[PDB]
Every structure is written in structure tokens, then in C-alpha cells.
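Reviewing the structure listed below.
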Amino acid sequence: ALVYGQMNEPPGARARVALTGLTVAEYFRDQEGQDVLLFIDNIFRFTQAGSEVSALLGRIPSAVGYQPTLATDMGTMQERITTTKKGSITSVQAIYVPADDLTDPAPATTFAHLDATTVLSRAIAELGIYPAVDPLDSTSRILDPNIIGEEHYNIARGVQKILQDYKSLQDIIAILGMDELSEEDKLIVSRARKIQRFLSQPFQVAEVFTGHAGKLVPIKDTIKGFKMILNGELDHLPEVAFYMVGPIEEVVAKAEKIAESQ
Amino acid sequence: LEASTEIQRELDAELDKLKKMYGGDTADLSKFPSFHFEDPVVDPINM
Amino acid sequence: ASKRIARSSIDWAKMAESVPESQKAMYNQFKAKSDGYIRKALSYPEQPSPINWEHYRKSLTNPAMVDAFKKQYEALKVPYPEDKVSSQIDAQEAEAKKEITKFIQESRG
Amino acid sequence: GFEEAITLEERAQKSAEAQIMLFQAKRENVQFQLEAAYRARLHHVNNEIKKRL
């Protein structure tokens, strides 16, 4: 369901459009017991419309020109986005950072209610990996061995450590080369290339524009697949077998087809 | 006594949600459940 | 209880004084795999949580269900699991005794 | 060389004694695994009763 408060609207309509969409999501949660998704784009335009509404009322603006009720207005909007005994509402919100300042009052107020982070990187999209989610910039607060489990936490930490080692070695490879690296470094950079290739995935909604059938990989399949790549159990497979493939059984099937076609 | 329709609907929805959450659809939870000890296979002592 | 699961083991100190490393590298597995049976032994007690029946009596208008469930819980006792590996281990022990007797005879010679 | 050969035979005899210790530890480990499986099934029964309550 769409709401689409336009940019030519008065500031009151742009301030209440997020509440309208939240009301539709709240009906889907309370009266159906669903795990609703709410998309807000943009959430900085919500703050800007609230600031314009408060400035039209003649109130005294707070620091950096914002409304004095910025924290409580954000709180009242965001505390309705939670999980209750009937259902839950999960909100993915597009965030604009003014003047690239993360200490600005509107991003700093937004970050207090954030439970995760998904950073879409232009550089990863230049590498052909889709979705272009940055694996190091993106973070979550449920990365804990009590909510997601010990195995999920250890594998995610291992993948992050290997990718951090790859990013450290990228500068060395760029300035000197790859032949002088040790056998451990060559194994690390090969596993890291296979890990960052396995992060790509075909999407069903783009399957007309891509020609690849979309995959919905279950969480245990991703856990098992990255555990296999982390332990070096797929060192003999080529890197291209990991690209644009959902599960890991389709990775080894693509590697078998590559070997047979060779 | 003379309850409204919406309260009855919410009661039925909550009872169904708790039955699905507590696994009452698989077996009746008001009685004593039965258990089966999953027959164990130890590691090979020999090589 | 927790007697022969949580608070008992076998002395590995005299075990490591004979094994010729690469000859008996499976001892590195044996000290580790049995440690797995110690790690799950860190969990798994007899009664992990006693049931406060008084709390359920106070939290329920009709306490007859609480008394019925308490009676059913007291009427059921799980015994120790069946064993069929004892005869195999005894046969391995007897074969080990025969081979040790032969090896001792050869060592004496 | 003769004295070292004698001491190596003594070490072989001690290895046989520690093999007896290994077999005793084997049967102890089997009993530990069986008892631990009994504790898990006791835990599973208690957890199910708590879920019914």
C-alpha cells in the first residue's frame, strides 16, 4: 500500500503522511496478527516538514534551526513502530544526512531509535555485486550470542574479520602486487573474494531485467554456506561459481557445470 | 453475558494464536503429554 | 544427582606419560571428544528447574489443575537408559588383556 | 644401546598399563554419555510440563 506525500504539499500533509502509512501498517498488525513492513522515504523530509510546521506556528527554534519538540515528535512517530503481542511492524527508512554531518540533530535523533543499518555502496555496485550492501558499513544491534545464536554470531564475525583483512590487503596489492604475498595471505584473499562473491544474490522482482531466477535463501542455508566457505571446504571451486547464486548447493552445481563446460 | 461481537472475535483470535504458539494444534495441551526417548547411537569406540 | 556426569572424570595425567605422540595422536581426539561429553555434561542436570506449584496455585483461580499436574509429575519417573555396549567393551577389554599378555611375554623374552 | 633397549621395553610395558587405563576411560565415557542423554530427556519432560502449565 502506498501513501506518497508529494514535495509540493503543505508541510502539515508531509508531516502526517508517515502517520497515515503507520496507521495502515498498524491495522495490518493489530487486526491481522502480521509482521508488517513499513517503508518511509524519506525520513529526513519528515523532520523537515515538522520543522516547517513548528516555524509556521511561531515557536522558538532549537539548536541548528530545528523545532524544540524534535526529540518527542520523533519519539511519538517511532514508538508506534514496535513488536506487540498481536504482531510487529518493521520499518525500513531512507535516511538523508545533511551536509554529511552525523552529529547533526536530525540524524542523531533518528539514530537513537535505529536497531540496524543497511548501507548501499556505489563502489560495490561498480563491482557487479547485487544487492550492493556494504558488509562492513552495515551493522545491527542484534549481533549477539543470545538473540541470533552462537553459530550465527561466530560466522558473521569471521566473515567480517576476513573482509577487514581483505580491505587491509587491497592497498598492499594495489601498490606492490599479489605475487609477493604469503601463502596465508593468498588463501585469505581467495576466501575473501569467494565470500564477497557469495554475498550477491538474484532477485525475483528484477528477474525480468536480469534473466536469473530469484532465490529466497533461508537463514540456515546462509549460515551453512558461509561456514563452508570460512573453513576452506570450497577452496578448489572457482570464484565465478559463487556469483549471483542463492544457496551453496547451487554454487557447487554451477562449479560442476563450469568444469564440464571447460 | 451479552458480549459484543468484536470482543468474541478478539478472544477467538488470541486463543488461536496461543494454540499455534504453544503447539495445541498438534496435540491437546490440557492432558498429560507422552514422551519418547530418542534411541542413542554413541560414537564409534573402535576405529 | 550430578554424580557420574558433572563431578567425575578419569585421570589423564598418567595417560599422557605413555603415548608416543604421533603413534597415539588419537589420544588428542580422545581427550577432546570425551571433553565434548564433558561439555554437554556441563549442561543437563537431573532436575533443571523445580516447579513452584504454590505460584501457579496463587496465579490460577482453580488450583485443581496445578494439583493434577503435580500429581502426574510425581507419578512419572524416568529411569536410566538401556545399554548394549557393555558386552562390546568387555570383549575389547578381554582382547586387550590377551594382547597385553602376549606383548609382556615378548618383552620378557 | 643395551641399557636403552631395556628402558624402552619398560616404557612399552608402561604403555600397556596406560592402555588398560584407556579402556577404563572408554567405558566411563560411555556411561557419562548415556547418563547425559538421560538428563536431557528429563529436561525435555520438565520443559514440556512447564509449557503445559
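Taking neighbour Cβ counts within 10 Å as the exposure measure, how do C:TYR37, A:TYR130 sort from fewest upward? Walk me through the numbers on the way to the answer.
Working: C:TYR37 21, A:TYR130 18.
Starting with the residue having the fewest Cβ neighbours, the order is A:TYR130, C:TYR37.
Write down the percent of antiparallel bridges among all DSSP beta bridges whose residues are both part of chain A, to the nearest 5.
Working: 3 of 9 bridges.
That works out to approximately 35 percent antiparallel.
On a 0 to 90 degree scale, rounded to 10, what angle separates helix A:249-261 from the longest Cα axis of chain A?
40
Taking chain A as a Gaussian network, Cα atoms linked when under 10 Å apart, which of A:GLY87, A:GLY158, A:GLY225 shows the biggest mean-square fluctuation?
A:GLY87
Using Cα atoms only, what is the angle between the long axis of helix D:2-52 and the major principal axis of chain D, expressed in degrees (0 to 90) to the nearest 10?
Approximately 0 degrees, to the nearest 10.
If a paramagnetic tag sat 7 Å from the Cα of A:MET178 along the Cα-Cβ line, which residues of region A:194-219 would have the backbone N under 20 Å from that point?
The answer is A:194-200, whose backbone nitrogens lie closer than 20 Å to the label point.
Report the label-to-label distance for A:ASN146 and A:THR69 in nanometres (one decimal), using points 7 Å from each Cα along the Cα→Cβ vector.
Going by the 7 Å Cα→Cβ label model, 3.7 nm.
Note the angle between two axes, namely the Cα long axis of helix A:150-175 and the longest principal axis of the Cα atoms of chain A, as a number of degrees from 0 to 90, rounded to the nearest 10.
Compared with the principal axis, the helix lies near 70 degrees.
What percent does the relative contact order of chain A come to when contacts are Cα pairs within less than 8 Å and at least six residues apart? List each step's numbers first, then the result.
Numbers: 291 pairs, mean separation 33.0, N = 262.
Relative contact order, chain A: 13 percent.
Distance in nm between label sites at B:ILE45 and D:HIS44, each 7 Å beyond Cα in the beta-carbon direction?
2.4
Add -39500 (n - 2.57) for each DSSP H run of 4 or more in chain A, then divide by its residues: what number comes out at 222 nm, to the nearest 500 deg cm²/dmol? Before the final figure, lay out each step's value.
Details: 10 runs with 125 residues, N = 262.
Using -39500 (n - 2.57) per qualifying helix, the result is -15000 deg cm²/dmol.
Taking the Cα centroid of region C:52-66 and of region A:127-146, what is the distance between the two, rounded to the nearest whole Å?
Cα centroid to Cα centroid, the span is 48 Å.
Can you tell me what percent of all Cα-Cα pairs in region C:1-55 are more than 18 Å apart? Walk me through the numbers on the way to the answer.
Details: 755 of 1485 pairs.
Considering region C:1-55, 51 percent of its Cα-Cα pairs are separated by more than 18 Å.
Can you find, among A:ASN42, D:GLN13, A:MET244, the residue farthest towards the positive end of the dipole of the protein assembly as shown? Put +1 on the C-beta of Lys and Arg, -1 on that of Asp and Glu.
Of the candidates, D:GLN13 comes out farthest on the positive side.
Just tell me how shielded C:72-82 is by partners: mean number of partner chain Cβ atoms within 10 Å of each residue's Cβ, no decimals.
Details: counts 5, 5, 0, 1, 4, 1, 8, 1, 5, 10, 4.
For this peptide, the per-residue mean of nearby foreign Cβ atoms is 4.
What nm value, rounded to one decimal, do you get for the distance between B:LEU1 and C:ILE51 when each label is placed 7 Å out toward the C-beta?
Result: 3.5 nm between the two label points.
Translational diffusion coefficient, Stokes-Einstein: compute it for region A:50-201 using the Kirkwood radius over C-alpha pairs as Rh, at 37 °C and 0.692 mPa s, and state it as an integer in µm² s⁻¹.
Details: Rh = 19.2 Å.
Rounded, D is 171 µm²/s.
Please report the antiparallel percentage of the DSSP beta bridges confined to the protein assembly as shown, to the nearest 5. Mind dumping the intermediate values first?
Details: 3 of 9 bridges.
DSSP beta bridges in the protein assembly as shown are roughly 35 percent antiparallel.
Take the alpha carbon gyration tensor of the protein assembly as shown, find the square roots of its eigenvalues, order them as a ≥ b ≥ c, and report rounded if a/c is under 1.5; if not, report prolate when a/b exceeds b/c, else oblate.
Working: a/c = 2.72, a/b = 1.46, b/c = 1.87.
Taking the square roots of the gyration eigenvalues as a ≥ b ≥ c, the protein assembly as shown is oblate.
Each value in this text was obtained by applying a stated rule to the coordinates, not by laboratory testing. Every residue, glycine as well, gets a Cβ built from its backbone with ideal geometry; the counts of neighbours run over all protein chains shown.
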